[PDB]
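Structure file final-v7.txt (compact mmCIF, C-alpha atoms) is printed below.
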# COMPACT_ATOMS: atom_id res chain seq x y z
CA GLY A 1 -155.67 69.52 28.09
CA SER A 2 -158.65 69.99 30.39
CA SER A 3 -162.24 71.23 30.36
CA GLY A 4 -162.78 74.87 29.46
CA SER A 5 -166.11 75.48 27.74
CA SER A 6 -169.88 75.50 28.26
CA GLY A 7 -173.19 75.56 26.40
CA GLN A 8 -175.15 73.06 24.33
CA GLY A 9 -171.94 71.44 23.14
CA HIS A 10 -168.61 71.97 24.89
CA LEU A 11 -165.41 71.68 22.86
CA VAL A 12 -163.09 68.72 23.44
CA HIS A 13 -159.39 69.41 24.02
CA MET A 14 -157.21 66.29 24.04
CA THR A 15 -153.42 66.22 24.36
CA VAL A 16 -151.04 63.36 23.60
CA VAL A 17 -147.39 62.69 22.75
CA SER A 18 -146.06 62.52 19.19
CA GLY A 19 -145.41 59.10 17.69
CA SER A 20 -147.97 57.54 20.02
CA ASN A 21 -151.18 55.59 19.45
CA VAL A 22 -154.13 57.92 20.02
CA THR A 23 -157.86 57.20 20.35
CA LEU A 24 -160.56 59.66 19.32
CA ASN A 25 -163.82 58.87 21.11
CA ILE A 26 -166.77 61.27 21.22
CA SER A 27 -167.83 62.04 24.79
CA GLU A 28 -171.37 60.76 24.20
CA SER A 29 -171.32 57.19 22.89
CA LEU A 30 -173.14 56.58 19.61
CA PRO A 31 -176.95 56.43 19.91
CA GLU A 32 -179.08 53.28 19.82
CA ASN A 33 -178.20 53.02 16.13
CA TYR A 34 -176.52 55.57 13.87
CA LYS A 35 -176.98 55.86 10.11
CA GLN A 36 -173.93 57.79 8.90
CA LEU A 37 -170.47 57.98 10.47
CA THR A 38 -167.75 60.18 8.99
CA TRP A 39 -164.60 61.85 10.31
CA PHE A 40 -163.38 65.34 9.40
CA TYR A 41 -159.68 66.23 9.61
CA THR A 42 -160.20 69.96 9.06
CA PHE A 43 -162.91 72.57 8.50
CA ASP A 44 -163.64 71.23 5.01
CA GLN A 45 -161.59 68.03 5.05
CA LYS A 46 -162.61 64.39 5.47
CA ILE A 47 -160.72 61.27 6.53
CA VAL A 48 -163.12 58.32 6.34
CA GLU A 49 -166.83 57.75 5.75
CA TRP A 50 -169.06 54.88 6.87
CA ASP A 51 -172.28 54.44 4.88
CA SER A 52 -173.68 51.80 7.23
CA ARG A 53 -171.84 49.47 4.86
CA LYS A 54 -168.04 49.70 4.79
CA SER A 55 -165.57 52.40 5.84
CA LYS A 56 -164.33 54.58 2.98
CA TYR A 57 -161.02 56.45 3.07
CA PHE A 58 -160.90 59.60 0.95
CA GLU A 59 -157.30 59.38 -0.25
CA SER A 60 -156.35 60.42 3.28
CA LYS A 61 -152.69 59.96 4.24
CA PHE A 62 -153.94 58.53 7.54
CA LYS A 63 -155.25 55.57 5.55
CA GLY A 64 -153.08 52.52 6.16
CA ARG A 65 -152.07 53.10 9.77
CA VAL A 66 -155.29 54.51 11.23
CA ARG A 67 -158.50 52.53 11.70
CA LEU A 68 -162.20 53.29 12.14
CA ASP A 69 -164.24 51.16 14.54
CA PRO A 70 -167.86 50.91 13.33
CA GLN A 71 -168.71 49.34 16.69
CA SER A 72 -167.94 52.36 18.87
CA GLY A 73 -166.90 54.95 16.29
CA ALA A 74 -163.41 55.69 17.58
CA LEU A 75 -160.41 56.66 15.45
CA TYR A 76 -157.07 55.06 16.32
CA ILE A 77 -154.02 56.80 14.87
CA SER A 78 -150.53 55.29 14.97
CA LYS A 79 -147.19 57.11 15.02
CA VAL A 80 -149.22 60.33 14.94
CA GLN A 81 -147.52 63.50 13.70
CA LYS A 82 -147.35 67.03 15.11
CA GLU A 83 -149.32 68.04 12.02
CA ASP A 84 -152.20 65.82 13.13
CA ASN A 85 -152.91 68.55 15.68
CA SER A 86 -156.16 70.00 14.34
CA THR A 87 -159.88 70.45 15.00
CA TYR A 88 -161.50 67.06 14.46
CA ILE A 89 -165.20 66.99 13.62
CA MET A 90 -167.17 63.73 13.66
CA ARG A 91 -170.47 64.10 11.81
CA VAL A 92 -173.12 61.45 12.45
CA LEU A 93 -176.69 61.10 11.19
CA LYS A 94 -179.03 60.03 13.99
CA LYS A 95 -181.67 57.45 13.06
CA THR A 96 -184.49 59.68 14.28
CA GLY A 97 -183.36 62.00 11.51
CA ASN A 98 -180.89 64.42 13.07
CA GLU A 99 -177.34 65.60 12.37
CA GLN A 100 -174.78 66.20 15.13
CA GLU A 101 -171.13 67.24 14.96
CA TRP A 102 -168.52 67.11 17.73
CA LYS A 103 -165.18 68.91 18.00
CA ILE A 104 -161.77 67.71 19.18
CA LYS A 105 -158.71 69.96 19.08
CA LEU A 106 -155.93 67.37 18.94
CA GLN A 107 -152.82 68.62 20.73
CA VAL A 108 -149.54 66.79 20.10
CA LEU A 109 -146.51 67.33 22.33
CA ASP A 110 -142.80 66.51 22.10
CA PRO A 111 -141.20 63.76 24.24
CA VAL A 112 -137.74 65.32 24.51
CA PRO A 113 -137.37 67.05 27.90
CA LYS A 114 -136.25 70.63 28.54
CA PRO A 115 -133.15 72.25 30.11
CA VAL A 116 -133.07 74.25 33.34
CA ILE A 117 -133.23 77.93 32.40
CA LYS A 118 -132.82 80.31 35.35
CA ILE A 119 -132.86 84.11 35.46
CA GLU A 120 -130.97 86.27 37.96
CA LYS A 121 -132.18 89.87 38.20
As a first step, turn the structure in this file into structure tokens.
Amino acid sequence: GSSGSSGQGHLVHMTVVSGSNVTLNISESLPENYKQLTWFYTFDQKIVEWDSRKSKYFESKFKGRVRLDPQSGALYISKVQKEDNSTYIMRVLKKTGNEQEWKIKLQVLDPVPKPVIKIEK
């Protein structure tokens, strides 16, 4: 996965191997001081919310193995699964009084190698 977008908010495309510890970190590090920090698994799906108090997991399977760092705001997933591959959206409420949302298309790959297929016209 490499760069491939432009505008006032390029899309993030990360790629890792299945069953490996990943780390979701928004390009731009959290501002001076954020107010709200939540993670979205899908278009209308959440994973964990942080009300400037204590992380809150919304009955998300991830809960248990994953972990949300309120210091940086990164999501660490263990023994990830091919399914994990999805558009991640981290919504945060800026102190000033704004609302931003990033995007990360997680791309999981398989470890097992591949054979040597050759074609002879």
> Which residues, protein or nucleic acid, reach to within 10 Å of (-163.6, 53.0, 15.0) in the file's coordinates when using all atoms listed in the file, and can you give that as a PyMOL selection string?
Replying inline: chain A and resi 23-25+37+50+55+66-76
With C-alpha atoms kept, could you save the residues just selected as a PDB file, in the coordinates of the input?
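The resulting file, selection_33.pdb, is reproduced below:
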ATOM      1  CA  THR A  23    -157.860  57.200  20.350  1.00  0.00           C
ATOM      2  CA  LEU A  24    -160.560  59.660  19.320  1.00  0.00           C
ATOM      3  CA  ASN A  25    -163.820  58.870  21.110  1.00  0.00           C
ATOM      4  CA  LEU A  37    -170.470  57.980  10.470  1.00  0.00           C
ATOM      5  CA  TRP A  50    -169.060  54.880   6.870  1.00  0.00           C
ATOM      6  CA  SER A  55    -165.570  52.400   5.840  1.00  0.00           C
ATOM      7  CA  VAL A  66    -155.290  54.510  11.230  1.00  0.00           C
ATOM      8  CA  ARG A  67    -158.500  52.530  11.700  1.00  0.00           C
ATOM      9  CA  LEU A  68    -162.200  53.290  12.140  1.00  0.00           C
ATOM     10  CA  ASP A  69    -164.240  51.160  14.540  1.00  0.00           C
ATOM     11  CA  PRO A  70    -167.860  50.910  13.330  1.00  0.00           C
ATOM     12  CA  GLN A  71    -168.710  49.340  16.690  1.00  0.00           C
ATOM     13  CA  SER A  72    -167.940  52.360  18.870  1.00  0.00           C
ATOM     14  CA  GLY A  73    -166.900  54.950  16.290  1.00  0.00           C
ATOM     15  CA  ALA A  74    -163.410  55.690  17.580  1.00  0.00           C
ATOM     16  CA  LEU A  75    -160.410  56.660  15.450  1.00  0.00           C
ATOM     17  CA  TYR A  76    -157.070  55.060  16.320  1.00  0.00           C
TER      18      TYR A  76
END
> From the set A:19, A:103, A:119, A:92, which residue has the shortest atom-to-atom contact distance to residue 79 in chain A, counting only C-alpha atoms?
Replying inline: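 The closest residue to residue 79 in chain A is A:19.
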The centre and edge lengths of an axis-aligned box containing all atoms of range 104-108 of chain A present in the file, extended by 6 Å on each side, are to be given in Å to one decimal, as JSON.
{"center_x": -155.7, "center_y": 68.4, "center_z": 19.8, "size_x": 24.2, "size_y": 15.2, "size_z": 13.8}
>> Give me, as a list in words, all polymer residues having an atom no more than 8 Å from residue 58 in chain A, counting only C-alpha atoms and skipping those fewer than 3 positions away in the same chain.
In response: residues 46, 47, 48 and 49 of chain A
> If you count all atoms listed in the file, which residues fall within 12 Å of residue 4 in chain A, apart from same-chain ones fewer than 5 positions away, as a PyMOL selection string?
Replying inline: chain A and resi 9-14
>> Just the number, please: distance in Å from CA of residue 33 in chain A to CA of residue 95 in chain A, one decimal.
In response: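 Atom-to-atom, CA of residue 33 in chain A and CA of residue 95 in chain A are spaced 6.4 Å apart.
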> Pick from A:51, A:28, A:120, A:44: nearest to residue 93 in chain A, with all atoms listed in the file counted?
Replying inline: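 Between A:51, A:28, A:120, A:44, the residue approaching residue 93 in chain A most closely is A:51.
Interatomic distance, CA of residue 96 in chain A to CA of residue 40 in chain A: 22.4 Å.
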> What does the distance between CA of residue 98 in chain A and CA of residue 8 in chain A come to in Å, to one decimal place?
Replying inline: 15.3 Å
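Minimum atom-to-atom distances from A:100, A:89, A:78, A:84 to residue 21 in chain A were compared using only C-alpha atoms, and the lowest value belongs to A:78.
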>> Restricting the calculation to only C-alpha atoms: of A:59, A:117, A:1, A:43, which residue gets closest to residue 16 in chain A?
In response: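 Among the listed residues, A:1 lies closest to residue 16 in chain A.
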> Could you name the residues that touch residue 85 in chain A at 10 Å or less, counting all atoms listed in the file, but leaving out those on the same chain fewer than 5 positions away, as a list in words?
Replying inline: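 Final neighbour list, sorted by chain and number: residues 14, 15, 16, 18, 41, 42, 80, 104, 105, 106, 107, 108 and 109 of chain A.
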